[PDB]
Amino acid sequence: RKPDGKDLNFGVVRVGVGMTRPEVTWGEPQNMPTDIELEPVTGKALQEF
Amino acid sequence: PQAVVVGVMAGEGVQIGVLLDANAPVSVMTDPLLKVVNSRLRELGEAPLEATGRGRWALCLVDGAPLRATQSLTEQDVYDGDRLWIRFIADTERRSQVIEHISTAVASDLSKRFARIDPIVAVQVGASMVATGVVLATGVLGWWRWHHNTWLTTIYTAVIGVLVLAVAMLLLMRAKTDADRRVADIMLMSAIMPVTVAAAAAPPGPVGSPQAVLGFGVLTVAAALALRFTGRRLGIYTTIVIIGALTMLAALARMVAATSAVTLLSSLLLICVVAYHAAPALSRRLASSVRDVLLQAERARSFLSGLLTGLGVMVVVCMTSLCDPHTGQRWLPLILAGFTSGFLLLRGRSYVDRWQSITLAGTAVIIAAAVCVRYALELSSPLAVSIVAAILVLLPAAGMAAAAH
């Protein structure tokens, strides 16, 4: 490890394991139907996903 | 008692004798021990041990199982003269994986834990079904002759034998891998059964003593001839040769002249008794330079396993035929069976191989059980069945108890 600015890991220490937010960036689905217009099968599929 | 000398296995196979501290905990030794084996490899001119990515160094038994890092060498059942292995065990830490929609999730996981049917297995199943078919065909053909011993049975069976054998011939010449050989072997094994009844079905007139002699002869010859040229499936072929040869002698005697079955049965029993004593000697005589030792060891073991098995079949068939609930002093053969069973039960402990030791042990128990059943079905009575049932259930329970307790 180096302190010279480009090394972002300096001063960071591992304490264990757990959850973290992935590097993915989700875009909201366009023209989403209103709650009464949603089909039941595809609704929970996209929601739990 | 302060130290113990043991062999340590290292990279690529070098065994080194070391004198270890008998009471320090094993985790304290693995670091300097690794240095020592590396230093010796360097002086020997070999390449040292090295790590690969993420992992750790551990000390294990020859079976690879690692020793508990905190326990003393004396706390574990490690004695002077034993051997251990130093090994690198890689890091298993990795992300967890989750699939939420259940239909996909069932398919994905279920497809990784089991094997789907494929063309290689399909062929073996086909071979297995045809073998099962012909043994049924010969069975029905062999049953017809008892009512009409005409030429039909032999004429019909002979052509099948030739045809199956002709197919097996092309398969044997073409085989390239062990999968191919298994297919061919199952086919060849099945060819012996039709040819046997085909020959035995040739002598005309009512079936009996004269027909039997040809069958067991050709059976013994066919089983023996296959082994000579094939060199595979030693156990199954060998067992047939023994039972065939012995029956040929017995059949010949009965056909020529024999006052009683007891006479022949007693003779066979004695022949097996002496054979049981000679068994290991027969196996020894029947069987880059290192390879020669490995081949001989399993071959000898194979022949012995079939030999012990075949004799077992003969004595159980003979003993169950010798004892009888109506003939004379009914108790005399029953006690003789007991003495015979004890010898086999006692001698079975002298064999280290599981199948050799287990088959011998099982042979004695089945003899006892068969006699109990014999004296129960015939000369039937409420007390007789009652008495036999109690004995037959407690007999094995006692054997299990002697080993379990």
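These residue numbers are counts, starting from 1, taken along the chain as shown.
Quick check of the header: electron microscopy, 4.0 Å.
Cβ coordinates come from backbone N, Cα and C, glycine included.
Residues or ranges marked as transmembrane segment by Swiss-Prot: B:120-140, B:152-172, B:183-203, B:207-227, B:233-253, B:255-275, B:303-323, B:326-346, B:357-377, B:383-403.
Residues 134, 137-138, 141-142, 144-145, 180, 183-184, 187-188, 190-191, 194-195, 197-199, 201-202, 230 of the same chain, all 6+ positions outside the transmembrane segment (B:152-172), place their C-beta atoms under 8 angstroms from a C-beta of that stretch. Listed as Cβ neighbours of the transmembrane segment (B:255-275) (distance under 8 Å, sequence separation of 6 or more from its ends, same chain) are residues 209-210, 212-213, 246, 307, 311, 314-315, 318-319, 321-322, 340.
Proximity of the transmembrane segment (B:357-377) to the transmembrane segment (B:303-323) is established through 3 or more Cβ-Cβ distances under 8 Å for residue pairs spaced 6 or more apart.
Proximity of distant same-chain residues to the transmembrane segment (B:326-346), defined by a Cβ-Cβ separation under 8 Å and at least 6 residues beyond the stretch ends, is recorded for 269, 276, 315, 319, 360-361, 363-364, 367-368, 371, 375, 378-379.
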